[PDB]
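Chains B and A, in that order, are what the protein sequence lines are.
Under the deposited numbering, the first sequence is numbered contiguously, ending at residue 314.
For the second sequence, the residue numbers in the deposited numbering are 1 to 18, 24 to 314.
Structure first, commentary second.
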Amino acid sequence: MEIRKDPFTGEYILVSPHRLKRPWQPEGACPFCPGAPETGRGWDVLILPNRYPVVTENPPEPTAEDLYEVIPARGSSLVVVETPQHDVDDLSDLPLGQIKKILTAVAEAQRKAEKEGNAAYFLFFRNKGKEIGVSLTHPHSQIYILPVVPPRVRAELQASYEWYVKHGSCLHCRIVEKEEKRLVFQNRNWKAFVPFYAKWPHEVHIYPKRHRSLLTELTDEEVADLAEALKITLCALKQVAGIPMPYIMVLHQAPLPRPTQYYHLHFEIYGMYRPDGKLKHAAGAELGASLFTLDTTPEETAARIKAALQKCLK
Amino acid sequence: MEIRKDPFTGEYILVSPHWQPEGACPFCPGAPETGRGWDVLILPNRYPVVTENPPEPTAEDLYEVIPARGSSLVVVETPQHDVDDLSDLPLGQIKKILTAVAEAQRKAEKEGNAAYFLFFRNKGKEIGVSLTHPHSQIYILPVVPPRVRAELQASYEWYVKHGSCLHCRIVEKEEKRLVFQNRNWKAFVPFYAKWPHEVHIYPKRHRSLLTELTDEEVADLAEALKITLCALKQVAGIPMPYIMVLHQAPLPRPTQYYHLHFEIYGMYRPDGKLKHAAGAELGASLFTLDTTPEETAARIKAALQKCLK
Ligand SMILES: [Fe+3]
Ligand SMILES: [Fe+3]
Ligand SMILES: [Zn+2]
Ligand SMILES: [Zn+2]
Ligand SMILES: [Zn+2]
Ligand SMILES: [Zn+2]
């Protein structure tokens, strides 16, 4: 177990071996349902340790090799169990107040991590869909509390700082305020749009209208309007294809625990069906060279998304 | 159509808006674009992501946009439709595939426009390869792919600091993770492997561009690819889908700090289920492994012994 580093890309690899279950080994009882000694009862939201953590509190001594940088796999890997119900398809299927509690519980986990003062980064994300390898069907999300900043966020951080120095302001605010044609949804505190620089077949970024760099700075009405943002956007993506779409959601926010004027937090949602509902796989172009292609303009895709989003209201 | 640029990550997006008989293969011999009496072809892609005469790029106020100017090609690797993998083909056939790609790169080098020549191959229905007929893709590009750009910086910077090629140094020290070598090439699982079955194939001589390769090096490349890809085909029980990409320098001047290599990402975990790049990977560029690169190198190397031939 250790965090290795790629000397050409700077990307980190969370090496944490665990034995892999054989095809004759049952999947076994849902690890996220209430009523087991692990899970307890009477809860709405359960944050618990991942069964196979990629970062741990007292990690083994890192494997070393002369030319390479290795960091101890230190921190927390957690599962946010989003509801006690097993057969709900999606986060978007849950009631607004249930979404609020999930968000509030995540915010609160971040506070704990902030206070504690070690963890460099709080990474919240969600994978959805059998077709992208989500075998555990019970709605859930993930938190990694990390000793390092995620390389992708680290790159966004540098480019953000360098525009703030040059022009005096945050580029994200400037981008959010200007954008309206590619708008998918907005309310008192959040804007959700297909970015100009979209890479995935149905992409939406969700920004707060006010400049927040950290989850923990959100006002209780911000957190509430966020639940509504997430619900309706996710609902739009669940309906646009004609069949529920697999998707990846990540929270991009500043490192722990001090705020920033140049970086502005956002949720990125990569919806992984093309317009015709066949799956889009990240292949040689994407994984091999970080080159993306789109068979359809982002502007046209915001339309389809916004049009399908109309059905969701109710 | 145009190439858009992500202002936060530096990444490029190739935006390009877009009846035939069932059982028709557009890469099969006797096709409208193919003809007959051929062993290998490099064709224009039917729905190219770059082209020679691209329309005016769609400009936006806060973003950089560049014309979608380049060549998108398919490499039909064989006339036979029914061959599963590049690695089922004989050494001589793989030699003509390599040679063809090299000649097309030389052409692109001489013509003097293209910034980058990107050769890659996707394999397997599970990762979206719906045209089963053995093929490879070339993108001749007006920019340097961002992952390759990054590798260049970091190799450049190391070179300046330590006065030698980091890649040449890395290749010398590979023993434990070695999977195969021959006269001109080494194949190993890198210490920094991020996919479940990753193998990089490097030339022993320092080379930066495919077109510098000698006839003997090409022949030995043919073999290294065959045996390595044979190893990954066998390692999990059934044929494994995979991605292969050639990381080489920009066109057309050789680099002392960068050293060409092929990366192969075999996408089954040891258990034989498909790994998908997800939120950690796409959303954060963090990668996880459930098995050490060392143990995986041993598993591949053990599977590879069956392939020596
Ligand atoms: Fe972002
Ligand atoms: Fe590389
Ligand atoms: Zn359950
Ligand atoms: Zn801002
Ligand atoms: Zn064919
Ligand atoms: Zn070298």
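A virtual CB, placed ideally from N, CA and C, is assigned to each residue, including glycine.
Exercise. Of the residues that make up the segment 173-194 of chain B, which ones have a beta carbon closer than 8 angstroms to any beta carbon in chain A?
Worked result: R174, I175, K178
Exercise. With a cut-off of 8 angstroms, do at least 3 Cβ pairs link the segment 137-149 of chain B to the segment 64-81 of chain B?
Worked result: yes
Problem set entry | CB of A236/B within 8 angstroms of CB of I305/B, strictly | yes
Exercise. Are the CB atoms of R111/B and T219/B nearer to each other than 8 angstroms?
Worked result: no
Exercise. Closest Cβ-Cβ distance between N127/A and chain B: below 8 angstroms?
Worked result: yes
Exercise. Listing by chain order, which chain A residues have their CB less than 8 angstroms from the CB of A159/B?
Worked result: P7, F8, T9, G10
Exercise. For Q310/A, which of helix, strand or coil comes out of DSSP?
Worked result: coil
Exercise. Straight-line CA distance for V165/A to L67/B?
Worked result: 16 angstroms
Exercise. Comparing the C-beta of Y270/B with each C-beta of chain A, is any distance below 8 angstroms?
Worked result: yes
Exercise. Count the other CB atoms within 10 Å of the CB of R51/A; is the residue buried (16 or more) or exposed (fewer)?
Worked result: exposed
Exercise. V165/A lies in the beta strand (DSSP E); which residues open and close that run?
Worked result: Note, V165/A: premise wrong, no beta strand (DSSP E); alpha helix (DSSP H) at 151-167.
Exercise. Among all the DSSP beta bridges, which residues are the ones paired with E203/A?
Worked result: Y270/A
For this session: With distances taken Cα to Cα, identify the nearest neighbour of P147/A among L309/A, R4/A, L313/A, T296/A.
Result: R4/A
Exercise. So with Cβ pairs under 8 angstroms, would you call residue 318/B a contact of chain A?
Worked result: Nothing about residue 318/B can be read from this structure; chain B reaches only from 1 to 314.
Exercise. Looking at the C-beta of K199/B, does it have a partner C-beta in chain A at a distance below 8 angstroms?
Worked result: yes
Problem set entry | Short CB-CB distance (under 8 angstroms) between residue 319/B and chain A | Residue 319/B falls outside the range modelled here, since chain B spans only 1 to 314, and no answer is possible.
Exercise. Quick one: Cα of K101/B to Cα of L214/B, how far?
Worked result: 18 angstroms
Exercise. Relative to chain A, which residues along the segment 238-256 of chain B have a C-beta separation below 7 angstroms, given in chain order?
Worked result: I248, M249, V250
Exercise. What separation, rounded to the nearest whole angstrom, lies between the Cα atoms of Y270/B and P208/B?
Worked result: 18 angstroms
Exercise. Leaving out the 5 sequence neighbours to the left and right, which residues in its chain are closer than 8 angstroms to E156/A when beta-carbon positions are compared?
Worked result: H252, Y263
For this session: Spell out a yes or no on whether the segment 278-292 of chain B and the segment 241-251 of chain A are touching, meaning 3 or more CB-CB pairs, one atom from each, closer than 8 angstroms.
Result: yes
Problem set entry | Cβ pair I132/B, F185/B closer than 8 angstroms | no
For this session: Locate the beta strand (DSSP E) running through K128/B, then write down its first and last residues.
Result: 121-128
Problem set entry | Extent of the continuous alpha helix (DSSP H) to which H172/B belongs | 171-178
For this session: Collect the residues with a C-beta less than 7 angstroms away from any heavy atom of ligand 3 and give them in sequence order along the chain.
Result: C30/B, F32/B, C33/B, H86/B, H138/B
For this session: Drop a sphere of 10 angstroms on the beta-carbon of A29/B, count the other beta-carbons inside from all chains shown, and report buried for 16 or more, exposed for fewer.
Result: exposed
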